[PDB]
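Here is how names work: the chains are called A, B, and so on, in the same order as the sequence lines, proteins then strands, and each is numbered from 1.
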Amino acid sequence: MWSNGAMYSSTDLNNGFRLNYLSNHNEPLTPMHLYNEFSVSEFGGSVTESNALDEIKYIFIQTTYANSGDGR
Amino acid sequence: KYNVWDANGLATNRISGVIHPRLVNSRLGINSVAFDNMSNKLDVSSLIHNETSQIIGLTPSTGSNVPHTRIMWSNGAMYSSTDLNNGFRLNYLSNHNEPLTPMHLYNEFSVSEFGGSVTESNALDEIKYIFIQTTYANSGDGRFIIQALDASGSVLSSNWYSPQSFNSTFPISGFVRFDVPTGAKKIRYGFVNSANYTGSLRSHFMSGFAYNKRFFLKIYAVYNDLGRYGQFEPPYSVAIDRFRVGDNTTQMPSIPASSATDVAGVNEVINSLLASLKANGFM
Amino acid sequence: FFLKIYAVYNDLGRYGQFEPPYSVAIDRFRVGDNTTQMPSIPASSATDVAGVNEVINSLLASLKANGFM
Amino acid sequence: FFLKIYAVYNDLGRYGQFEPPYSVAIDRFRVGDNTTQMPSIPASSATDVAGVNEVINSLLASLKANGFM
Amino acid sequence: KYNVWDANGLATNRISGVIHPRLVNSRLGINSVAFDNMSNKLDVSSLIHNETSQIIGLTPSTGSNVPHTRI
């Protein structure tokens, strides 16, 4: 389900994805990191932006709870 | 004519209503804009066709705005095999009630299948209305066509729609409504050309991507009775890994055509092929 | 482990909502692909003339039987 | 024939609702798999040291043509 | 026994109701006919198995009314 990244180890798949270091959340992501990318709000040149409007307003992310961890 | 008639028509508005479901599958129903703006529309309908364009264009192409394969369609062809971004091939049809041939891009499915022990007065119809949503363009000769047919192939009802018909959410996309007559046994739908030449989806339905950069088609069936015959939707099972997580096969690396004939080059090529098959999931 | 991400649209379906492709009229999407994983065929070193031909026949039979044709 | 089974959750999505996998950024789930079933290749009996090679070339060409590659 | 008990039972009727979701995942819940007629049923549930029959039968067969594989 992922375009970039890798699995942590090829001798025990139950460790999961590999998580690589990133200093802060506004830094660029590289092909080593596990991430996906998609494009939104694609309108033609004959359409003014003031008329077409935005495509996505909010994004809600659900996932599992844990008490601590360095992963993000 | 209607139960709810929505006439909201400004591009900068954002409408979102709630409509009781039993008003939508009735003798008069609601108009196309009201269904556009009905946030709970999945309470009366399910998708019978959903399709959008890929992200990465296939070879050869100059863009990725339309579908590059005919994977979703049982008939027809791609316009040109040297530029896949032209899209589907639109063949000429004189009027929307004419018979569709295997040259035209279209699909067919059957509705209201009850056994011989059930009277038709008791079983009833399966689909009441059909709603189609497609991208908007200001002009073009291509048409989206839909037909309802009885048991012996004859056309009970039919209609087609022009690019500027899809304008309930100008300037991006819109809905149109089709009325399924009683006694229909089959439904055909697809894309054709209304003028007498072979056209392409890019330049004769999407007007050269002047308004939309991503083609999509969604077709909603409003059922006569919620789930009497069972709604249509993709298959799934929580217990099978093929449907729970997906299929893990991957495309194989290219193996160059081999000409080795000393009785061992062939054996090595076969062993390499079997190794790649085992490695990439086919096994 | 599970991960679910939800996009709230600025306007319900102005640009077309994202969801898996489907067609009631195509058997690929209506019921799924019927291909099955092929049984393991061991790497073969038979070199007279005939072992290679027999392995090719075995592979073609398995392809035909398991849905790849 | 059809069969649909509905699970009413004790709490809406505490453990995560079950539903088919999808990703708007991945083409296998966004548009589907473009692999098509290959045309039938008859089992071959050519053992002059090159008929086998031609059959293998044909099989590789079919694989490349029909998506598997 | 129940919260909502639907006893509609004629073949020519077409029922379509709305029920608050919190009445369905409760100690008593609703009966099978109310859930049949609950048009907002995807607010409290999801399909854990969905299967229908193919359009074109596989070889060999005399019809296409049931699933032809154990997929």
Under a 4.5 Å cut-off applied to non-hydrogen side-chain atoms, are [X] and [Y] in contact?
| X | Y | result |
| --- | --- | --- |
| A:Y21 | A:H33 | no |
| A:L34 | A:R18 | no |
| A:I56 | C:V8 | no |

Quiz prompt | Between CE on residue A:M32 and CG on residue A:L19, distance to nearest 0.5 Å | solution = 14.0 Å
I'd like a table of all donor-acceptor pairs linking chain A to chain C (distance under 3.5 Å, no angle check), giving the atom names and the distance to one decimal.
from: A:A52; atom 1: O; to: C:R14; atom 2: NH1; distance (Å): 3.3
from: A:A52; atom 1: O; to: C:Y15; atom 2: OH; distance (Å): 3.1
from: A:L53; atom 1: O; to: C:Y15; atom 2: OH; distance (Å): 2.7
from: A:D54; atom 1: O; to: C:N10; atom 2: ND2; distance (Å): 3.4
from: A:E55; atom 1: O; to: C:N10; atom 2: N; distance (Å): 3.0
from: A:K57; atom 1: N; to: C:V8; atom 2: O; distance (Å): 2.9
from: A:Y58; atom 1: O; to: C:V8; atom 2: N; distance (Å): 2.9
from: A:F60; atom 1: N; to: C:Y6; atom 2: O; distance (Å): 2.9
from: A:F60; atom 1: O; to: C:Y6; atom 2: N; distance (Å): 2.8
from: A:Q62; atom 1: N; to: C:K4; atom 2: O; distance (Å): 2.9
from: A:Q62; atom 1: O; to: C:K4; atom 2: N; distance (Å): 3.3
from: A:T63; atom 1: OG1; to: C:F2; atom 2: O; distance (Å): 2.9

Quiz item: More than 12 heavy atoms of other residues, nucleotides or ligands under 6.0 Å from CG of A:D70: is that the case?
Solution: no
Quiz item: What pair of heavy atoms forms the shortest contact from A:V47 to A:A52, and how long is it?
Solution: CG1-CB, 3.5 Å
